[PDB]
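Here the structure comes first, spelled out in structure tokens, and everything after it is commentary.
Number of protein chains: 2
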Amino acid sequence: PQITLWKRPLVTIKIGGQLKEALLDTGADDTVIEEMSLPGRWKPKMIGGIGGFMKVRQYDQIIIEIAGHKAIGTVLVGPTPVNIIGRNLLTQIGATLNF
Amino acid sequence: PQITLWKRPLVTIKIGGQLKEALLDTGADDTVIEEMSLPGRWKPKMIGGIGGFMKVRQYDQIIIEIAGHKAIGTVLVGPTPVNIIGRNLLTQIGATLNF
Ligand SMILES: COc1ccc(S(=O)(=O)N(CC(C)C)C[C@@H](O)[C@H](Cc2ccccc2)NC(=O)O[C@H]2CO[C@H]3O[C@@H]4OCC[C@@H]4[C@H]32)cc1
Ligand SMILES: [Cl-]
Ligand SMILES: [Cl-]
Ligand SMILES: [Cl-]
Ligand SMILES: [Cl-]
Ligand SMILES: [Cl-]
Ligand code: NA
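In order, the protein sequences belong to chains B and A.
Reading the first sequence from the start, the letters are residues 1 to 99 in the entry's author numbering.
Reading the second sequence from the start, the letters are residues 1 to 99 in the entry's author numbering.
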């Protein structure tokens with residue numbers, strides 16, 4: 001698809017068997033999802049943002065569908081105000097910016 | 001152009017007679033620029049994201065040149081860790097997300 005930006009670029013994702021809404025966010029290096037349970041071990045990460053920093057849980061090699069496209073990669077979990085699909089997974093679904 | 005997302009999608013902008021580097025950011029409703037003077041009236045605003053909120057000055061009807069493409073809109077000025085071109089101006093240069 002070709003997604004214009006008059007509204008927020010929200011899509012459905014599927015992660016841990018669950019459907020969620022998320023933003024497709026070219027200004028995000030990484031993918032950040034609201035508190036949820038994921039399998040396996042996690043590693044610490046601090047991320048930056050507008051407002052300051054946030055600690056998250058880093059889970060690697062997580063299966064995630066984004067707008068019907070399959071990705072497998074790193075998901076940061078924490079108390080984010082919005083679920084964000086960052087460049088680590090936007091590249092896996094073949095997304096580009098065009099003008 | 002077509003801009004891939006392997007790296008941050010940074011472009012040169014011209015604002016207030018100054019050249020700056022800025023991130024093309026589909027996850028940002030608003031354009032947010034590091035502290036600078038702009039002409040005309042402003043009003044305070046609070047904007048929110050990964051780490052809470054940041055206070056900014058809202059300037060309306062500001063012309064910008066984004067990678068060669070002129071647009072006009074609202075610009076928020078404050079201590080942003082990164083200069084960000086948000087959807088309010090991305091729409092005006094015809095930017096879309098494609099996959
Ligand atoms: C109303 O209008 C607004 C309101 C909010 C924002 S925002 O900057 O808070 N943001 C909203 C989004 C969280 C829903 C836009 C994002 O694209 C920011 C834009 C952003 C970039 C850098 C710093 C501050 C903000 N990215 C961001 O927070 O990314 C996080 C996740 O990945 C990491 O990559 C980034 O680069 C490393 C740190 C951040 C980390 C912008 C305009
Ligand atoms: Cl980015
Ligand atoms: Cl990844
Ligand atoms: Cl957005
Ligand atoms: Cl505007
Ligand atoms: Cl359009
Ligand atoms: Na003005």
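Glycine included, C-beta positions come from ideal geometry on N, C-alpha and C.
| query | Helix, strand or coil for A/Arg-57 per DSSP? | reply | strand
| Simplified DSSP state of B/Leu-24, which is helix, strand or coil | strand
| message | If contact is defined by three or more beta carbon pairs under 8 Å, each pair taking one atom from either stretch, is the stretch 31-49 of chain B in contact with the stretch 37-53 of chain A? | response | Put simply, the stretch 37-53 of chain A touches the stretch 31-49 of chain B. At least three CB pairs are less than 8 Å apart.
| said: Assuming residue 149 of chain A and A/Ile-15 are in contact, meaning their beta carbons sit under 8 Å apart, how far apart are those beta carbons, in whole angstroms? | reply: Nothing in the structure corresponds to residue 149 of chain A, since chain A is present only between 1 and 99.
| query | Is the shortest distance between the beta-carbon of B/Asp-30 and the beta-carbons of chain A less than 8 Å? | reply | no
| For B/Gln-2, which of helix, strand or coil comes out of DSSP? | strand
| query | Secondary structure at B/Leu-38, three-state DSSP: helix, strand or coil? | reply | coil
| task | With ligand 7 as the reference, list in chain order each residue whose Cβ lies under 7 Å from any of its heavy atoms. | result | A/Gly-40, A/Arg-41, A/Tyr-59, A/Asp-60, A/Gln-61, A/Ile-62
| message | Please state whether the Cβ-Cβ distance between A/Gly-73 and A/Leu-89 is less than 8 Å. | response | yes
| Leaving out five residues before and five after A/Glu-34 in sequence, what residues of the same chain have Cβ atoms less than 6 Å from its Cβ? | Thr-80, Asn-83
| For B/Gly-16, which residues does DSSP report across the bridge? | DSSP lists no partner for B/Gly-16.
| request: Confirm, please, whether the CB-CB distance from B/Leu-24 to A/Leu-5 is below 8 Å. | output: no
| From the DSSP output, which residues share a beta bridge with A/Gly-49? | A/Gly-52
| message | Considering only heavy atoms of ligand 2, does any lie closer than 7 Å to the CB of B/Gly-68? | response | no
| task | Give the DSSP-derived three-state secondary structure of B/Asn-83 in the structure shown. | result | coil
| said: Less than 8 Å between the beta carbons of B/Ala-28 and B/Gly-86, yes or no? | reply: yes
| said: Distance cutoff 8 Å, beta carbons only. Does B/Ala-95 sit that close to anything in chain A? | reply: yes
| task | Determine the DSSP secondary structure at B/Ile-93, reduced to helix, strand or coil. | result | coil
| said: Classify A/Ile-63: buried if its beta carbon has 16 or more other beta carbons within 10 angstroms, exposed otherwise. | reply: exposed
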